[PDB]
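Below is one structure, written out as structure tokens; the observations come after it.
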Amino acid sequence: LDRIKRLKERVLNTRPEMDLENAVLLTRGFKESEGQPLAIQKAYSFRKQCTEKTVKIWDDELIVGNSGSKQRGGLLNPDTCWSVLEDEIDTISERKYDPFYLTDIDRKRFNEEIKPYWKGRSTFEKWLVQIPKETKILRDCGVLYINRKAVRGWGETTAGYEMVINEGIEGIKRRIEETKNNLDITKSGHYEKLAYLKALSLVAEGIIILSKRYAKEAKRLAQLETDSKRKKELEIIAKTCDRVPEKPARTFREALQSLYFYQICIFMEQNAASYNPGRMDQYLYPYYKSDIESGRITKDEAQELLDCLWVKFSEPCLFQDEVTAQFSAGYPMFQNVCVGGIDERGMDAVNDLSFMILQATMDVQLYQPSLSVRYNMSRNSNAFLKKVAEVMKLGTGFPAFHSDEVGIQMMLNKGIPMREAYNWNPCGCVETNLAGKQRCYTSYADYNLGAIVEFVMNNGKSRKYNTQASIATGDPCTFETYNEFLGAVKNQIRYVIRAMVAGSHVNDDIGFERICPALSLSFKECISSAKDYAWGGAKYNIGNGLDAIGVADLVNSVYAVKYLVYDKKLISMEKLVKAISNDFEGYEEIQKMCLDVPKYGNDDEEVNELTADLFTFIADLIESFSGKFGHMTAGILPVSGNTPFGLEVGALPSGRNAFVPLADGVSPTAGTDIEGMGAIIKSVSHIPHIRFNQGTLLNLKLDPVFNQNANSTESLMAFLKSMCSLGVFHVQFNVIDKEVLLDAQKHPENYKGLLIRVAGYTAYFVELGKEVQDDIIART
Ligand SMILES: CN1C[C@@H](O)C[C@H]1C(=O)O
């Protein structure tokens, strides 16, 4: 009860503004270490950053740090995406989606030493000039969205946090000296491996530096402190910050500062989405246990710490251009923390600490510990399960729920063995990865299945921009049979993904040379290889993944043609084309028999079957292709692109008006699930989950009049078990009066800190663009 430090309303009354500080340090680091090998002049100016960076502790903190200079700041990395800002230099402040304030004077810095150095030298700039011909058109004609991962650094991986807590930069330096001593600059390949290893030495040094300046500030705050209490907490914030990364953790306090200290450095250098701290309930437990039975911490002192950490997680803002924001509104960092599941010996893995990590989200209720669960029905206690469901019906959006039994073989289906794959941890939205051991763009680019449907009915040409976007599959009125049809729908899938594999292959080669680290500092192999995450170095290198969006709309559109055209012969294609071309202006009798046909989600065998055929094909299709890091992977997750992808697709044989959102993930189109919620699951069980080893996403919008009877809890639980027992991968819930959302678009102000599940993550309703707000509204 007495943890009344919600005095971190500081974070809600804060405004997003660019933070071009670090961008200036980096500029200076580069200029003085020119001629160095790029990993050395990157890592030498990282030390510069944390040596000459703001250092600030805010008025009530027990855990400290911040990747920038401001709270809710937008971090520019000019080495990767400088020109994003030079473009929107005088709009970004007032843009509709995800805006940032660019102060009067930060903008002097930008075109005075940031812009005149970096002009023509960035990752993103190389991507704009090299994206392949066919890929580039499809991107333009609205068919897929590749530019996101050329502005946002690596991300989408859970780093080697457990080592930094357990060895500290002290013990990692030994690993560095071990493999440096085994090399010989006389010997063929060794200079590159020795030179990189130096960069790993600067960055270890830079973290050290930073963490001690932090304690230093905490002594300064002490020796001016009136409050007996808040003085004696400052002194322990220094006693910690002095040990923390340099040496191994020894207390609960000292683990959480190890962790988050490292967390912000990795986000310092690149700013990517989805740096997931991972199985936090598993490697912190030994510290929690021994501190309980010693007095150094009491359970309530624990959950205070956590609730602070959770407010620090809610602190930064993911930086993106004008448009990628539309495709992922809400500043989301996607920092996945997960509890529960299975042990290295196959036994339940859930301790007191799994519940208190669920607990701190019921308490703080900010958006940025992306909570998650690995529920192992045959291992995790019903007691665990209850606490999960109680969380959910806070309408919080949290936590996303994964069926542990599915997530394991997804990781086996990736080539990892059960000896290490039990540790899989949700990553970002719903992706999979593995702590310290997997490089992998778990979601390189999205592809618009709505556009495709619109392509086969239009024989390649784009309705809206009137160009020959895709290949010419022939016009739809010479398909004698249904298979002639399906044939052309596959051919159209095949043309798009090719282009994506080109683009992936191109940006792999850009990330290679030019986008190095010291995140890699926490991958054991990267150290003994003398080889970076970007280059190889990771234990298991996995091909990039390609997320599809428009599931509901493929199935419904294709089956609508099998029904009405090829064996119920009610409409000739001739006329269908006419109907959708015109948005059903005159033709609004057709739009009717379409939304009469079985829909994906009500669970009609004829549909579930086609749903299986298509996507086993889409899987075989991708695993065909290989880059330098293994064969490609796929998933189904939209983030928020289902809405703006919707705006480029015409009307479709599914009964969908033109320019509406596309479906979201593997959920149905809004207004087609007139059967149950238990038949929502069953229609989606036929999606082959373990073939899409990078994740699957389900959205469901519960009405809040449910938390009433004293079984809503007992009954939500049992439904979670249906999901798992059917072999479905993931489900997550909203629990909200429409009444509230509707008012909040009216008066955005008296609804601060109100949450919603968008897809994979959680945003503040008021801070999203109106389009996506409707999309979320219209869900049943
Ligand atoms: C679609 N991506 C998957 C999530 O990890 C990251 C998201 C994004 O960066 O926008």
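So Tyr566 fits all but one of (1) hydroxyl-bearing (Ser, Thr, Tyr); (2) under 21 Å from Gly630 (Cβ atoms); (3) out of contact with any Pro (no Cβ under 7 Å at 6 or more places or on another chain); what number is the exception?
(2)
Within the range 569-615, track down each residue that is in contact with a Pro (Cβ under 8 Å, 6 or more places away or on another chain) and surrounded by 20 or more Cβ atoms within 10 Å (Cβ to Cβ).
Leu576, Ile580, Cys594, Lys599, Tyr600, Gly601, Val607, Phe615
Please work out which residue is farthest from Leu570 (Cα to Cα), limiting yourself to the range 591-633 and to residues that are more than 30 Å from the chain's Cα centre (by Cα) and of a type outside the set (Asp, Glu).
Looking at residues that are more than 30 Å from the chain's Cα centre (by Cα) and of a type outside the set (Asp, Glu), I get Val607.
With respect to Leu259, determine if the residue is outside any loop (DSSP other than H, G, I, E, B), touching a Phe, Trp or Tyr at 6+ places or on another chain (Cβ under 7 Å) and more than 16 Å from the ligand (Cβ to nearest atom). Before the answer, list the steps.
Working: outside any loop (DSSP other than H, G, I, E, B): yes; touching a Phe, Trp or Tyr at 6+ places or on another chain (Cβ under 7 Å): yes; more than 16 Å from the ligand (Cβ to nearest atom): yes.
It is true that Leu259 is outside any loop (DSSP other than H, G, I, E, B), touching a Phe, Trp or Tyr at 6+ places or on another chain (Cβ under 7 Å) and more than 16 Å from the ligand (Cβ to nearest atom).
So how many residues does the range 668-720 have that are among the polar types (S, T, N, Q) and touching an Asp or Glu at 6+ places or on another chain (Cβ under 7 Å)?
Restricting attention to the range 668-720, the residues satisfying the condition of being among the polar types (S, T, N, Q) are 669, 672, 683, 685, 693-694, 696, 699, 707-709, 711-713, 715.
Narrowing the set further to residues that are touching an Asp or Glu at 6+ places or on another chain (Cβ under 7 Å) leaves 669, 683, 694, 699, 713.
Residues meeting the conditions: 5.
For residues in the range 543-565 being under 16 Å from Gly655 (Cβ atoms) and among the small types (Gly, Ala, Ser), which is farthest from the ligand (Cβ to nearest atom)?
Ranking the qualifying residues of the range 543-565, first place goes to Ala560.
Restricting to the range 692-748, count the residues that are part of a helix (DSSP H, G or I), among the small types (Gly, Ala, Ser) and crowded, with 18+ Cβ neighbours inside 10 Å. First the steps, then the outcome.
Keep residues of the range 692-748 that are part of a helix (DSSP H, G or I), which gives 704-706, 712-725, 738-746.
Still in the running and among the small types (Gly, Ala, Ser): 712, 715, 718, 722, 725, 744.
Adding the requirement that they be crowded, with 18+ Cβ neighbours inside 10 Å leaves 744.
Total meeting the criteria: 1.
When the residues of the range 324-345 are narrowed to those that are touching a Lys or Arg at 6+ places or on another chain (Cβ under 8 Å) and more than 22 Å from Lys752 (Cβ to Cβ), which ends up farthest from the ligand (Cβ to nearest atom)?
Top of the filtered list is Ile342.
Of the residues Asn66, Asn22, which single one is crowded, with 21+ Cβ neighbours inside 10 Å, not hydrophobic (A, V, I, L, M, F, W, C) and not in a helix (DSSP H, G or I)?
None of the other options fit; the residue is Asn66.
Being within 16 Å of the ligand (Cβ to nearest atom) and aromatic (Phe, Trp, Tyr): is that true of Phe765 here? Full working, then the answer.
Working: within 16 Å of the ligand (Cβ to nearest atom): no; aromatic (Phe, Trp, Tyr): yes.
Answer is no for this residue.
Taking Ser314, is it surrounded by 21 or more Cβ atoms within 10 Å (Cβ to Cβ), away from the ligand (no atom under 16 Å from the Cβ), under 30 Å from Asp87 (Cα atoms) and under 29 Å from the mean Cα position of the chain (by Cα)? Quick ask: steps written out before the conclusion?
Values: surrounded by 21 or more Cβ atoms within 10 Å (Cβ to Cβ): yes; away from the ligand (no atom under 16 Å from the Cβ): yes; under 30 Å from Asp87 (Cα atoms): yes; under 29 Å from the mean Cα position of the chain (by Cα): yes.
Spelling it out, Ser314 is indeed surrounded by 21 or more Cβ atoms within 10 Å (Cβ to Cβ), away from the ligand (no atom under 16 Å from the Cβ), under 30 Å from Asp87 (Cα atoms) and under 29 Å from the mean Cα position of the chain (by Cα).
Is at least one residue of the range 174-194 under 17 Å from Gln49 (Cα atoms), touching a residue at least 60 places away in the same chain (Cβ under 8 Å) and buried (at least 19 other Cβ atoms within 10 Å of the Cβ)? If you could, list the steps in order and put the result at the bottom.
Just the residues of the range 174-194 that are under 17 Å from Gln49 (Cα atoms), to begin with: none.
There is no residue in the range 174-194 that is under 17 Å from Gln49 (Cα atoms), touching a residue at least 60 places away in the same chain (Cβ under 8 Å) and buried (at least 19 other Cβ atoms within 10 Å of the Cβ).
Just checking, which of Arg213, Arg253, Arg220 is free of Cβ contacts under 8 Å to residues at least 12 places away in the same chain, in a helix (DSSP H, G or I) and not hydroxyl-bearing (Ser, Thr, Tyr)? Show your work before the answer.
Values: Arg213 fails: free of Cβ contacts under 8 Å to residues at least 12 places away in the same chain; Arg253 fails: free of Cβ contacts under 8 Å to residues at least 12 places away in the same chain.
None of the others qualify; the one that does is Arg220.
Determine whether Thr762 is among the β-branched types (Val, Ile, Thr), under 29 Å from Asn425 (Cβ atoms) and touching a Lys or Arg at 6+ places or on another chain (Cβ under 8 Å). Give the derivation first.
Details: among the β-branched types (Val, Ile, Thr): yes; under 29 Å from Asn425 (Cβ atoms): yes; touching a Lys or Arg at 6+ places or on another chain (Cβ under 8 Å): no.
For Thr762, the condition - among the β-branched types (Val, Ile, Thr), under 29 Å from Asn425 (Cβ atoms) and touching a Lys or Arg at 6+ places or on another chain (Cβ under 8 Å) - is not met.
Collect the residues in the range 745-764 that are within 28 Å of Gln694 (Cβ to Cβ) and not basic (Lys, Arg), keeping them in residue-number order. Walk me through how you get there before you give the answer.
First, the residues of the range 745-764 that are within 28 Å of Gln694 (Cβ to Cβ): 755-764.
Answer for the range 745-764, where residues must be within 28 Å of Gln694 (Cβ to Cβ) and not basic (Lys, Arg): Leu755, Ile756, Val758, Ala759, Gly760, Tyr761, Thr762, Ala763, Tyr764.
Taking the residues in the range 262-272 that are among the aliphatic types (A, V, I, L, M) and within 16 Å of the ligand (Cβ to nearest atom) as candidates, determine which candidate is nearest to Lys312 (Cα to Cα).
Here is the first cut: in the range 262-272, the residues among the aliphatic types (A, V, I, L, M) are 264, 266, 268, 272.
This time we only want the ones that are within 16 Å of the ligand (Cβ to nearest atom), so: 266, 272.
Values: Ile266: 15, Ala272: 17 Å.
Across the range 262-272, the extreme among qualifying residues is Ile266.
Quick test for you: out of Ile207, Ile266, pick the one residue that is touching a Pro at 6+ places or on another chain (Cβ under 6 Å), assigned to a helix (DSSP H, G or I) and hydrophobic (A, V, I, L, M, F, W, C).
Numbers: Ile266 fails: touching a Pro at 6+ places or on another chain (Cβ under 6 Å).
Of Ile207, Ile266, the one residue that is touching a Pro at 6+ places or on another chain (Cβ under 6 Å), assigned to a helix (DSSP H, G or I) and hydrophobic (A, V, I, L, M, F, W, C) is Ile207.
Assess whether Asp321 counts as being closer than 26 Å to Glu156 by Cα, acidic (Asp, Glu) and within 16 Å of the ligand (Cβ to nearest atom). Even if it seems obvious, please write down each step before you answer.
Working: closer than 26 Å to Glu156 by Cα: yes; acidic (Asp, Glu): yes; within 16 Å of the ligand (Cβ to nearest atom): yes.
Taking the combined requirement at face value, the residue satisfies it.
Do you know which of the residues in the range 291-304 that are surrounded by fewer than 21 Cβ atoms within 10 Å (Cβ to Cβ) and not charged (D, E, K, R) is farthest from the ligand (Cβ to nearest atom)?
In this case the residue turns out to be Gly295.
Is it true that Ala579 is in the same structural domain as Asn693 (by TED's automatic domain parsing), outside any loop (DSSP other than H, G, I, E, B) and in contact with a helix residue (DSSP H, G or I) (Cβ under 6 Å, 6 or more places away or on another chain)?
Working: in the same structural domain as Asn693 (by TED's automatic domain parsing): yes; outside any loop (DSSP other than H, G, I, E, B): yes; in contact with a helix residue (DSSP H, G or I) (Cβ under 6 Å, 6 or more places away or on another chain): yes.
In short, yes.
Residues that are within 16 Å of the ligand (Cβ to nearest atom): which helices (runs of 4 or more DSSP H) entirely in the range 70-187 hold 1 or more of them? Steps first, answer last, please.
Values: elements: 78-81, 83-87, 106-109, 115-118, 123-130, 133-140, 148-151, 161-166, 168-181.
Because the criterion is at least 1 residues that are within 16 Å of the ligand (Cβ to nearest atom), the helices (runs of 4 or more DSSP H) in the range 70-187 that meet it are 78-81, 83-87, 123-130, 133-140, 148-151.
From the list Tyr288, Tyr283, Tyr275, pick out the single residue that is within 16 Å of the ligand (Cβ to nearest atom) and either buried (at least 20 other Cβ atoms within 10 Å of the Cβ) or among the hydroxyl-bearing types (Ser, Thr, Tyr) (or both).
On inspection, the qualifying residue turns out to be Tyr275.
Give the residue, chosen from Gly73, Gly120, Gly68, that is out of contact with any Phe, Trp or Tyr (no Cβ under 6 Å at 6 or more places or on another chain) and over 29 Å from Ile207 (Cβ atoms).
Values: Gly73 fails: over 29 Å from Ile207 (Cβ atoms); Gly68 fails: over 29 Å from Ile207 (Cβ atoms).
The match here is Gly120.
What residue, of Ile57, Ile40, is touching a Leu at 6+ places or on another chain (Cβ under 8 Å) and outside any helix (DSSP H, G or I)?
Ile57
Filter the helices (runs of 4 or more DSSP H) completely within the range 586-679 down to those with at least 3 residues that are free of Cβ contacts under 8 Å to residues at least 60 places away in the same chain and either away from the ligand (no atom under 16 Å from the Cβ) or touching a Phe, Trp or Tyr at 6+ places or on another chain (Cβ under 9 Å) (or both). Spell out the reasoning first.
Numbers: elements: 590-594, 605-622, 642-646.
Passing ranges, in order: 605-622.
Basis: the model, the stated rules and, where named, an outside source; none is laboratory data. Cβ atoms come from the backbone with ideal geometry, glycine included; neighbour counts cover every protein chain shown.
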